[PDB]
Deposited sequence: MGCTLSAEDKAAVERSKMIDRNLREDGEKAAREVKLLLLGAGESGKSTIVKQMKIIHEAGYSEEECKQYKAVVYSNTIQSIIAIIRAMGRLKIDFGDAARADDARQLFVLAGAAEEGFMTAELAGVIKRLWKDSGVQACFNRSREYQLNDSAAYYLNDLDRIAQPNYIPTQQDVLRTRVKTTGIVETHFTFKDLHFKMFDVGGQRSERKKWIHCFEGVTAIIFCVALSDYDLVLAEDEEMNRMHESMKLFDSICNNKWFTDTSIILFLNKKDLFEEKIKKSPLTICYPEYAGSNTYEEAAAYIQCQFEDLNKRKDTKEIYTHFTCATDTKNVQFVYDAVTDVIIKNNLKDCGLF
């Protein structure tokens, strides 16, 4: 292990009376466009490094799960009208109406056998499925399929959200979120918006929604900024799972008209990676550390973060103070 050898070369703890107990601090900036996966990464840090989410904590997210699900089905049904897409079985029009009656009379997210029934039949309808598959034409939660396909479990009277259910939530976050965790004896200070490292998140599946080019313009700015010269810049190309499902049927050319590679996961994901890394104007001075992630996948984030941490250890320790 080169990172272990590297950190063992430090001597600054010896300048402190109780140096071996001192906390080495790493400030990490979590950046990226809305819905790029920043909150999800923060949640994985709690899960992997700080003992996860207990059941009682998971119960607090129940009505958020309900709310996300309701939002999803409504967005699809409403889009059917704008896109002129007919129901398969014409009796679903009553279920569509009933969905609005129930959502319209309620205080917040909820679930009943009646609502579950309405939504199940809607999600199973061929016309609804056809509208769902044109989601790129409107605005729809990426977890729409996840919750809807599992509606039966979510709908049970004694339903308790799983960690995956909580990770899959979209929560309206405002302002700056700061989280703290210890890993490999490093005391991380992570800021979801002069720093040790930046993690920049990109939603790969946004390519056909222009979102990707806005993500690029933002990365161009950040990557090449003055304050970040000695900052380790990490690129998370996220939602690789949604990208892989989607790249089979929707072409990269929608985002990058000049693209002439095959429309496969391997070629299209590589191309995207190059588009972002090429935005680095100091190529011989700064390296970009790129990882393809699925932020909802605890194992993948654990692995990826372990590698991101070895890079910080080999590269940035000298600028990390003791406290």
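Visitor: In sequence order, name the stretches of the deposited sequence that have no C-alpha in these coordinates.
Guide: In sequence order, the gaps with no modelled C-alpha are 1-8, 202-216, 233-240.
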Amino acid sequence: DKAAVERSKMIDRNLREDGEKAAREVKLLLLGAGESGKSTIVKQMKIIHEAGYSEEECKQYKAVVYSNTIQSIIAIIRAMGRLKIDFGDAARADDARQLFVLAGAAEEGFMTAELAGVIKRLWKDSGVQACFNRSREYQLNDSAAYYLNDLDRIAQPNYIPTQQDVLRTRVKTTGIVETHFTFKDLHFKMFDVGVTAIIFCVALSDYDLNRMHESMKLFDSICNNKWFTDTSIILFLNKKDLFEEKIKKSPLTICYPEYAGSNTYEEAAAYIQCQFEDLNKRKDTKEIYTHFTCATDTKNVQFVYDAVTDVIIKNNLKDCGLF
From here on, numbers count along this sequence of modelled residues.
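Visitor: Between 51-59 and 256-264, which has the larger average Cα B-factor in the PDB entry?
Guide: The entry gives the higher C-alpha B-factor average to 51-59.
Visitor: If you average the Cα B factors in the entry, which is higher, 272-280 or 65-73?
Guide: The recorded data point to 272-280.
Visitor: Return the residue from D150, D165, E245, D142 that has the highest Cα B-factor in the entry.
Guide: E245 has the highest C-alpha B-factor of those listed.
Visitor: Which one of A90, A203, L122, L235 shows the top CA temperature factor in the record?
Guide: Among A90, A203, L122, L235, the highest C-alpha B-factor in the entry belongs to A90.
Visitor: When the deposited Cα B-factors of this chain's modelled residues are ordered and cut into thirds, is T173 in the lowest, the middle or the highest one?
Guide: Its C-alpha B-factor, which the entry lists for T173, ranks in the highest third among residues of this chain.
Visitor: Should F228 be placed in the lowest, middle or highest third of its chain by the C-alpha B factor in the entry?
Guide: Tercile = highest for this residue's CA B-factor.
Visitor: Relative to the other modelled residues of the same chain, rank the CA B-factor of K46 and answer lowest, middle or highest third.
Guide: It belongs to the middle third of the chain when residues are ordered by C-alpha B-factor.
Visitor: Select lowest, middle or highest to describe the third in which the CA B-factor of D220 falls within its chain in this entry.
Guide: Within its chain, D220 is a highest-third residue by C-alpha B-factor, going by the deposited values.
Visitor: Can you work out whether the C-alpha temperature factor of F110 puts it in the lowest, middle or highest third of the chain?
Guide: Lowest third - that is where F110 ends up once the chain's C-alpha B-factors are sorted.
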